[PDB]
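Listed below in C-alpha cells is the structure:
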C-alpha cells in the first residue's frame, strides 16, 4: 500500500503503531502530508545529534515544526579492505517528500 | 431604572448529557490529542469515552 | 578543501534578534506576531515562519 | 478544465504609477492563517514593538 | 408535579443575559480540518459537550 495520510489528527495509537508495523512487515509506503518540518543537513562526521521515534512523527501537534536531520553521506571515504564484514543491514525510515 | 437582567457569562443549559460507563471497557486515562484540538474537542471525547 | 556543503542562508548578522527574527533553524522565526488569542501560542509553531 | 493562476495587475494595466506590489505578496498572504481582526491588531502591535 | 412547577418557574424567571466570556481564537493551522469546518473563528473556552 502507498497509504497517504492527509490528516494525522484523531489517529489511534494502536493504529499509528499498526501502520508503522505495516510499513515494516508489509513494506507499506506512508506519505504523511500533515508534517511541516525544518531540515538540517548533517555531514557524515557530525552524525545524527537528534533522533526521532516513529511515535513522535505519528503524534506531533499539527502546527508545531518538527526538526528533521538528513545525512549528506557523500563525503564518506571507502572502508579499509580488511575491516570486518557488516552482517546486519543499516535501515532507514524517514524521507523528505520534496527536495 | 430596573435590575431586569442577571448578567451571566458562560451560560448553563437546562439540559445536559449524563453518561454511565461500563467500567470494564472504559479506560480510566484521559484521552489526549493536539492541544488546541483538545481544547475544543476534548470535553466531548472524554464524556463519550 | 573538505567543505561538505555550502548553503546560502539569510544573513543572521543582519536579520538580527533586534528584528525579532531567529535564523538558527534555517528559516526566519518571529515569536509573537501571528498568534492564537486567549491562549499561549506554544513553542516551534509553523506560523512563526 | 480551467487553470487557476495569479495574474499581476501590471500585466493588464499600462499605468505604472498605480502599481506597487506583485504576485509575491499574494503568494505570501497564501502562507498566512485566516486572520481575525483581533489577531490582526495583535500582529500590528507586535510589529510596532 | 411540584418539581415540574419549580422547573417551569425557574425557567420563567431565567432573566440571564449572556456576555461574551473567555474565548480563544486558535490559529487555523493548529486545528484538524474536521474541527476547522466546525469552528467559526473563535469560541468560548468553556466549549461544552456536543
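Protein chains in written order, with the deposited numbering: chain W, 1137 to 1235; chain E, 150 to 198; chain G, 199 to 247; chain C, 940 to 988; chain R, 248 to 297.
Built from N, CA and C at the ideal position, the CB exists for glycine as well.
In the structure shown, residue 1196 (chain W) adopts coil according to DSSP, grouped into three states.
The beta carbon of residue 283 (chain R) sits closer than 8 Å to those of 275, all from its chain and outside the five residues before and after it, given in chain order.
When the beta-carbon positions are compared, residue 292 (chain R) and residue 270 (chain R) come within less than 8 Å of each other. Within a 10 Å sphere around the beta-carbon of residue 234 (chain G) sit 16 or more other beta-carbons, which makes this residue buried.
Among the residues facing chain G, residue 959 (chain C) is not included, as its CB has no counterpart in that chain under 8 Å away.
Excluding its 5 nearest sequence neighbours in each direction, residue 227 (chain G) has C-beta neighbours in its own chain below 8 Å: 219, 220, 221, 246 and 247, listed in chain order. Interface annotation, residue 280 (chain R): not in contact with chain G, CB-CB separation never under 8 Å. Residues are counted here when their Cβ sits less than 7 Å from a Cβ of chain C; for the stretch 214 to 243 of chain G these are 230, 231, 232, 233 and 235, given in chain order. When DSSP states are grouped into helix, strand and coil, residue 1202 (chain W) belongs to the strand group. Put simply, the CB of residue 259 (chain R) is far from chain C, with every gap to its CB atoms at 8 Å or more. Separation of the CB atoms of residue 1211 (chain W) and residue 1185 (chain W) is rounded to 17 Å, and the pair is thereby denied contact status at 8 Å. Taking 7 Å as the Cβ-Cβ cut-off, the stretch 265 to 280 of chain R approaches chain C at 272, 274, 275 and 276, given in chain order. At a beta-carbon threshold of 8 Å, the residues of chain G lying near residue 292 (chain R) are 236, ordered along the chain.
Here DSSP, grouped into helix, strand and coil, assigns residue 966 (chain C) to helix. Cβ-Cβ separation between residue 294 (chain R) and residue 189 (chain E): approximately 5 Å, consistent with a contact (criterion under 8 Å). For residue 1149 (chain W), no chain R residue has a Cβ inside 8 Å of its Cβ, as the nearest lies near 16 Å away. For the set R:263, R:297 and R:267, the Cα lying nearest the Cα of residue 289 (chain R) is the one of R:267.
In the structure shown, the three-state DSSP call for residue 1175 (chain W) is strand. The beta carbon of residue 1145 (chain W) sits closer than 8 Å to the beta carbons of 1170 and 1198 from its chain, once the five residues preceding and following it are set aside; these are given in chain order. In terms of Cβ geometry, residue 1233 (chain W) and residue 1167 (chain W) form a close pair [threshold 8 Å]. Listed along the chain, the chain R residues whose CB falls inside 8 Å of the CB of residue 1146 (chain W) are 279 and 281. Across the structure, residue 166 (chain E) and residue 250 (chain R) are spaced so that their CA atoms are roughly 20 Å apart.
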